[PDB]
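Chemist: can you look at this? It's an experimental structure, sequence on top.
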Amino acid sequence: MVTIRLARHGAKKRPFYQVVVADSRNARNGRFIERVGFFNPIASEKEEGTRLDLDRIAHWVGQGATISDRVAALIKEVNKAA
Amino acid sequence: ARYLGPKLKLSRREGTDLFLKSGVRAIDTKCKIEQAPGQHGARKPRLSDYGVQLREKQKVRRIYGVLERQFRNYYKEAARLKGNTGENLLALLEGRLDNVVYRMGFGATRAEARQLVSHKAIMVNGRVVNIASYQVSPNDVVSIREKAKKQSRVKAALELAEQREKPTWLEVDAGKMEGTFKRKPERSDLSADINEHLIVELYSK
Amino acid sequence: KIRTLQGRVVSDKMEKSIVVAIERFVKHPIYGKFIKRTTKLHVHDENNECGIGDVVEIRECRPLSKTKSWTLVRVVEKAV
Amino acid sequence: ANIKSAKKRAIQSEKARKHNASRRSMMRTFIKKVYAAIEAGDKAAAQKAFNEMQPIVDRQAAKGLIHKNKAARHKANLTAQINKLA
Amino acid sequence: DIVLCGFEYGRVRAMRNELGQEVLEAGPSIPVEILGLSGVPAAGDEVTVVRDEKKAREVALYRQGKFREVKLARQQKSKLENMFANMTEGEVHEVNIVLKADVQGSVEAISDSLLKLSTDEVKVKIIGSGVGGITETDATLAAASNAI
RNA sequence: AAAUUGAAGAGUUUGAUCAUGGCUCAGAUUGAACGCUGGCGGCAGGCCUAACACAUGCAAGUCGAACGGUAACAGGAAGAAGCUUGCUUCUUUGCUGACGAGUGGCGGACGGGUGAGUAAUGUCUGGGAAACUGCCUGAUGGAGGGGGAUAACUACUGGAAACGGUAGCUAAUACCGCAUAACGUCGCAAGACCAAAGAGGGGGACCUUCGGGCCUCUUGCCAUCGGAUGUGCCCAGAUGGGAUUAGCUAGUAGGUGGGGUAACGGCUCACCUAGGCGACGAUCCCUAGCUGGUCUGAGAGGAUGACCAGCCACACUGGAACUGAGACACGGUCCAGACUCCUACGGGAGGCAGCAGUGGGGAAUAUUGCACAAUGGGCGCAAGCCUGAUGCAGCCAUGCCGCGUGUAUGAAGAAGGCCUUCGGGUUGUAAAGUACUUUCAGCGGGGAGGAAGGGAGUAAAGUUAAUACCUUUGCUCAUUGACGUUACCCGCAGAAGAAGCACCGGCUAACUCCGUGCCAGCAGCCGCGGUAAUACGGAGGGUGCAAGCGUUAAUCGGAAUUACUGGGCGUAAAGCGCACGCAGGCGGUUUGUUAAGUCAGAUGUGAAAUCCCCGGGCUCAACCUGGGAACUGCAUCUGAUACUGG
């Protein structure tokens, strides 16, 4: 079905994830429906590192989109941050 | 990746002192400064328009210790940048760390300063920078790191420095062996027998 | 919301069908001259009320035959 | 087939094929009886035949042997024609 | 491990011992067929493994240069040896042959025996000895000059 | 705030000139190759040829929480004993942790490869209406009572193998009736008709046939109407060349009716009408996957479609359908062909354009590697299992970027070489000497991050008869990295291990001697070579590049040399020998009308990435990344009416 997950861009040894809503069958870095956040695991954390359009994430869940283990974590982490 | 051969040859070919030695000596007592290298140095070049453009670009490159590829990329960036391209080229050169290390007097030559940089003797903002072409920014503080502070090269380097004209845009504390890149130098700060527009002409044709 | 085309009847021979030509001017992509282009459409004319030469208003609809995806809305001018 | 499950799938699809074939052949039979009555001009035989056919085109739809729409057309079509005669 | 045989170099893809299709390790005693070399080496020679392949590339190419230099050297001598524009007598008529054997050991060995049957009257010479099978450029080689 | 705010010419026809006109050069670019040379690193790239053929491994499984179950290993047990009396080995029995083979479910239609075919059941832009749509999701109700089978297994038997033959026998969420049946299907309506399946976790009175009932929650099953995603279909414009191809067409174009599809439709059939296409290029022939974009160019253009992403098409060749929500199926089935492998000769088996690897072709393109730790996919309640997707590592200077191969001092300025009018000049502060530094490579020492989760306990809430279980959220404890000898930091030794390539006649930066003598040879263009050759070859000197440098190949540029922007035809290439004239292009002047062209505005769309602008992160840079701007285009609606068209 439709799922919200991380498409891994960035460079070798320097991962950078683009959070995307997509048909789960399409390849990880392939066709998606909507971009909805990003996630830098290598951010200096002096400034940002994790940004989620929670309004559109929820909208898609409301219409049955599932959510990665890793995005489900980010959302709990970001909800905690503020 | 570096020019390693005889240095005064370069000065002799370009017709000027390129400061490739400390300055302890009148350059004319070290070489025949006013004559090109080689069998036919006495010969005069009835020099084409292309020729004067080439030699001027070589001159600047040989001053800063930059080979063609990197220097061309410097032109490209100067061009892309806003404002006069010729002046932008010299800002970029003059912002190099090996260069700044030289201007604060930590190295007798840009070659010596470059070695200081490469050999992890220089810090920027208390952080070790060891690549020569590192672009230095306003308000940065470059310093000799503690362990390199007792090197006699550095003391001598600061002495000679005190005898050169003192650059405006740098605040140097000789005791601490730290210094501050206050601002980008203006054009007016830099020598006036550099003809950037010739270099600009060479790279647009 | 009534998207529509206007053109003239070049053939009325077929039973309940018609051929309509839509002509327009178009700027030439390279040489700038304005060129006539024509689009011929097989259209549905139940009742065959459209005569050749007529000027008619047509609309797009579902497939009616291998080549008909348009039907008649109404006649505008006739029998010049 | 080469893969373990591929082998198994070919076996299962053949079983299903013979299952579907059997039920499908049955169904068309009961459809054909109605068209045959129609072509002989009998209301009753054709209505009777339609009543036997109804529950089974419906059921085979529910069972995925055919889609709901197919079942409907058959009922629509036959119903149209039988009424048009008696 | 990188292995270098003669002027040929390469990494070993797999190892085969007699009937055994795969062997993990091979000792100084038991022989093991080597695989993954760039091309078919000489029928026999000294083989030495190296740490890195890059260091062994220049060495392998160096041996080719010497073998090529002597190839052109022996080519110039044989042609100039006659010291005349043609043969002094009527033995000029010759037969050409084209040979490709599956094994490298034979082509060098049997050719020597094939040069034993040579005579002054009719001269026979081998052209383009192959490492194995047959190929387009080989059939083309027999197309230009009539040969078996 | 910023975000296309950008544009060069030189050599060569002549004795010389101007014009004409081609050839040639300076520039960027490349999936490159070859020649000489070659230290390290980061990021990228890597069969362009034979859609040639492929040995071997691996690339699609998973669920015991659907099912009969045990054959392996693991315990456990009445009871056999190891017995040296709590340690135990085996006979047994699925008792259970698990699990081979089997039925069953979901996945094998995704992920990955290729570009053969296709000038259109393709792609791009923009719109339509007649449709289906697993998993996920909202809504409302079902989930009743039965039946006959079958694999496994057992017995007998055929095969070299592949794989079979008989008869037994048995389970289920396999399969089929029967009931129930509307906000479903058919029907004007009256009415008529259609489904299903269990499995687990925990438990208080209560009790039996000790199986469980029953209580409770999770989960799966059926129906119908929706959502979301996916897909099918239709129209218009655009998307290569050729007339040394001008006519093409019988399911052809339309109509009626039957059939058909999930659905509109000549999709199909019968009958009827005689149409339909075409110079605005049909038909036929050649070539080709299309796009975002890429390279070049000031631009307009020109060239192009690797790597990344979107669509399509294909899966040894030709054809076919079966299963399924989805396929006419990349590691499924069937037939035919080409080909290969096994065989005990009777018969069998297979399809790398998945990842490695091999042969072949070629100027030329890598290892039969490590790991599921991370992201993502399949199955499962989970734990987990699978994943040549992916993350990584190896190989190659293939490219981009970074750094090193030392720094400073060092003179009558040595020796040697080279030129010299023998005065000296040069190589050259170059070397030696003198101090000095130690990046990188070497060697030892230490040590981030990519890790989120998952596991035991615990506590609180929602549950409920319940403090169970379940689920959510906090707590503590112990844990999960292929890369890896990671990045990075500290220490040790010594300048120690690290420089080549092309060029120097003009274009074009760089000149002399000796050798040769129209030879040997050079040569991008002009043009060098018969005794002073800065042009051949060596040398010294010099110029330009630098871990590369040259040569070859290749696109665009300069080329205003196909000229839309932006050219020409008296004598330079170019006015048809002349006229008439269909199609076509263009068309005097006024009014009204229209509103297609044209103009304005609004709205939607123009995927992301790329390009550009301002920022952020790796010591810098390449590289990665936030936001913007741009996508100059298309479409709908509403206006304006001067010009063009009606």
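Modeler: Arrived safely. Numbers count the residues shown, from 1 in each chain, chains lettered A, B, ... in the order given.
Chemist: give me the domain ranges for chain B.
Modeler: B:7-93+B:190-204, B:94-180 (CATH domains of a matching chain).
Chemist: what helices or strands is the longest helix along chain E leaning on?
Modeler: Identified as the longest helix of chain E according to DSSP state H is helix E:54-80. Where contact means 3 or more CB pairs under 8 Å, 6 or more residues apart in numbering or on different chains; DSSP states H and E, helix E:54-80 is packed against strand E:2-5, strand E:8-11. (C-beta placed from N, C-alpha, C; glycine too.)
Chemist: where does residue 48 land in three-state SS?
Modeler: With no chain named, the answer covers chain A. coil (DSSP: H, G, I helix; E, B strand; the rest coil).
Chemist: you looked at the wrong chain, it should be chain E
Modeler: Residue E:48 - assigned by three-state DSSP - is strand.
Chemist: now swap in residue D:26 and tell me
Modeler: Residue D:26 ends up helix, using three-state DSSP.
Chemist: hang on, the earlier thing: how distant is the longest helix of chain E from the center of its chain?
Modeler: The gap between where helix E:54-80 is centred and where its chain is centred comes out at 13 Å by CA atoms, centre = their mean, to the nearest Å.
Chemist: tell me which of the helices and strands packed on helix E:54-80 is the most buried.
Modeler: strand E:2-5 (a mean of 20; mean count of other CB atoms under 10 Å in any protein chain shown).
Chemist: between the helices and strands packed on helix E:54-80, which one is nearest to RNA strand F?
Modeler: With CB to the nearest atom of the strand as the criterion, RNA strand F lies closest to strand E:8-11 of those, at 3.9 Å.
Chemist: quick one, strands of chain B?
Modeler: In chain B, the strands defined using DSSP state E lie at B:122-124, B:127-128, B:140-144, B:170-173, B:178-181.
Chemist: which of the residues in the longest helix along chain A are buried?
Modeler: Of all the segments of type helix in chain A, defined by DSSP H, the longest one is helix A:69-81. Buried residues in helix A:69-81, defined by neighbour count with 16 or more other CB atoms under 10 Å in any protein chain shown: A:71, A:74-75.
Chemist: what residues does the helix or strand hosting residue D:59 touch?
Modeler: Using DSSP states H and E, residue D:59 sits within helix D:43-62. The contact list for helix D:43-62 (CB atoms under 8 Å, 6 or more residues apart in numbering or on different chains) reads D:23-24, D:26-27, D:30-31, D:33-34, D:36-38, D:66-68, D:70-71, D:74-75, D:78-79, D:82, D:85-86.
Chemist: may I have the next helix or strand after it as PDB, with CA atoms only?
Modeler: As assigned by DSSP H and E, the chain's next helix or strand after helix D:43-62 is helix D:68-83. Taking C-alpha atoms only, helix D:68-83 is exported to PDB below (Å, rounded to 0.1, in the frame of the first residue of the first chain):
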ATOM      1  CA  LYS D  68     -20.200  -9.200 -11.000                       C
ATOM      2  CA  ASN D  69     -20.700  -7.200 -14.200                       C
ATOM      3  CA  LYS D  70     -20.600 -10.300 -16.400                       C
ATOM      4  CA  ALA D  71     -23.300 -11.900 -14.300                       C
ATOM      5  CA  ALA D  72     -25.400  -8.800 -14.600                       C
ATOM      6  CA  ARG D  73     -25.200  -8.400 -18.400                       C
ATOM      7  CA  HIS D  74     -26.300 -12.100 -18.900                       C
ATOM      8  CA  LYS D  75     -29.300 -11.400 -16.700                       C
ATOM      9  CA  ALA D  76     -29.900  -8.100 -18.300                       C
ATOM     10  CA  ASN D  77     -29.500  -9.400 -21.900                       C
ATOM     11  CA  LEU D  78     -31.600 -12.500 -21.500                       C
ATOM     12  CA  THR D  79     -34.200 -10.600 -19.600                       C
ATOM     13  CA  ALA D  80     -34.400  -8.000 -22.300                       C
ATOM     14  CA  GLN D  81     -34.900 -10.600 -25.100                       C
ATOM     15  CA  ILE D  82     -37.400 -12.900 -23.300                       C
ATOM     16  CA  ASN D  83     -39.700 -10.000 -22.500                       C
END
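Chemist: from the contact counts, what lies against helix D:68-83?
Modeler: Against helix D:68-83 (3+ CB pairs under 8 Å, 6+ apart) you get helix D:4-38, helix D:43-62.
Chemist: give me that answer again for 6 Å
Modeler: Using 3 or more CB pairs under 6 Å, 6 or more residues apart in numbering or on different chains; DSSP states H and E, the elements in contact with helix D:68-83 are helix D:43-62.
Chemist: circling back: just so I know, which of the strands of chain B lies nearest RNA strand F?
Modeler: Distance to RNA strand F, taken as CB to the nearest atom of the strand, is lowest for strand B:127-128 among the strands of chain B, at 4.8 Å.
Chemist: ok, is the closest one in contact with RNA strand F or not?
Modeler: Yes. Applying CB under 7 Å from any atom of the strand, one finds strand B:127-128 touching RNA strand F at B:127-128.
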